[PDB]
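For reference, the structure discussed in these notes is given below.
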Ligand SMILES: COc1nc(=O)n(C)c(C=C(CO)CO)c1C
Ligand SMILES: COc1nc(=O)n(C)c(C=C(CO)CO)c1C
């Protein structure tokens, strides 16, 4: 069987993810690598009208106190559902084609983001921003699709000052530094969470250690430096102080989904060509999988280009 | 490994009786069977405040012209997420325990509803009520968990008049008696039954799609007909591929479900017996580990205790 390499480029917006990916794809032949780009078209037009604008306007209004917390949360929760749809369907149609984990791959699929961006990271950030309930965040977590073998996720590293500068220059977005801090924190916690789980961390065993980044490397993080720390929220706690079981099960799901992922960190604090070559080097250590049928490759190939043609800018 | 029988009791709400559910809870008194009840405490308190009230009030306000269709859709969409969370969490934790198809089962697990109630049927009914976009409905559809072996789903049959009678006597907290919603949810579940048969008999929605504009049910009598929604179509009339893929997922999820129809036009004891009758044709599975059975039990009873009424 031929092998496939899937690489999901993810992390906070405004670091240079899309550029780096396009540059990497531009190195290959036409059909040994395919890019599944940002579904900006779905977001601005097909799925709803100007979703990014709707999201940033609602946070602004909440910040200004023009709307209540409840009203912001219903908007954010609905918008996140829309934002996430293309990632989820892509995963669902790809799934039957992916075999076990496994020499150059027959095909490299590079994605602008993984489903967890829309079903975990952005929701968790909105929660920190006060515009989503933690119950809703865990409902998204509960819906995260089963983690396919060979899920390589590349997260970005960039100094806050450089990141702020980069964002300050370069849809419907507004310059929200609070959101920038929140999303950077969430992806930092994410990286630590994967390393925590892969080092044998059991959130149920360490829950009590809560009260008052890099993966593929380093020692086991403290649970307080992982995503689990976000869910020590009064809404989720029974009178006796413990998590309601329904929310505990959602954390069990979070652990299950993240623990089998392969996380890499890319330093974006360099030129676009620099990011490209750094990403290229990084792929050398990424996990390939077999495909389940011989015709999976061109099939998978057509799905990606179809996606790119229809929902890309 | 020991065998398991899962039975999801689903269909439009309001078809049953309090003596019906009591018999169900009575059934679960045994060691060999556990009843996983409706997570009403999650809906009213844990997940949000009075979600059901929120849902019916919003539709009411839309019906009266007090809010826009857009305003109702964001509230409706958000609320459906809360409604479905307990089913989705339960499926995700249970799924690794389910083995291949497999005589009495070591354990019978009876659920109040399947995830498709919250991720497909009620969203689709709200779409028909003009309070959810079809894009949102297909977003929920995209997230329906993979259908495992032995997914037995029981749908109810009851004439509409009789349904209205029963529904009127069992309104839930915050519920409003809405005959339009009753019709919508009944239509959706009827389409669902037809959709499973259509798929099981070889129906290909892509092949038959043209028939919506020009032996198994006709595609116009399945759920696929709902997604001819103009919001989902390009200027030339083609479905966008992203939505077509969601329909491919729908087809995959639904085709391998085993549907059983329970006639509710009878007594609670009769309904209970009929349900027991229906079990002889249901598909059992093995579990994946030796400790899967007691773990499943624990899950099911804990759910019941924490979230059941
Ligand atoms: C805060 O709003 C968002 N919600 C999301 O779900 N995503 C994926 C993103 C990410 C991007 C596109 O909106 C930029 O990569 C943003 C910004
Ligand atoms: C119309 O609102 C609903 N949305 C849902 O997701 N469910 C499961 C239900 C079903 C019931 C809760 O009242 C259970 O019968 C309703 C009514």
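No value in this document is a laboratory result; all are computed from the given coordinates. When we count neighbours, we look across all protein chains shown, and the Cβ atoms used for this are built from the backbone with ideal geometry, even at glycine.
A few notes on this one:
- The stretch A:129-163 residues near the modelled residue A:178 label - backbone nitrogen below 18 Å, point 7 Å along Cα→Cβ: A:129-134
- Once the C-beta distance of residue B:66 and residue B:309 is scaled by a Förster radius of 30 Å, the resulting FRET efficiency is 0.45 to the nearest 0.05.
- Helical contribution to [θ] at 222 nm, DSSP H n ≥ 4, -39,500 (n - 2.57), averaged over the protein assembly as shown, rounded to 500: -14500 deg cm²/dmol
- Note on residue A:281 and residue A:57: the model spin-label points, each 7 Å out from Cα along the C-beta direction, lie 4.5 nm apart.
- Peptide B:123-136, shielding by other chains (average Cβ, 10 Å cutoff): 1
- Per-pair calculated FRET efficiency, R0 = 51 Å: residue A:170 and residue B:169 via Cβ, rounded to 0.05: 0.25
- For residue A:242 and residue B:248, the FRET efficiency from 1/(1 + (r/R0)^6), where r spans their Cβ atoms and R0 equals 35 Å, is about 0.25.
- Equivalent ellipsoid dimensions for chain A as semi-axes, Å, which come from the Cα gyration tensor, largest first: 30, 24, 19
- Bins of 5 Å, starting at 0 and running to the largest distance - Cα pair percent for the stretch A:227-313: 3, 10, 11, 9, 12, 16, 12, 11, 9, 5, 2, 0
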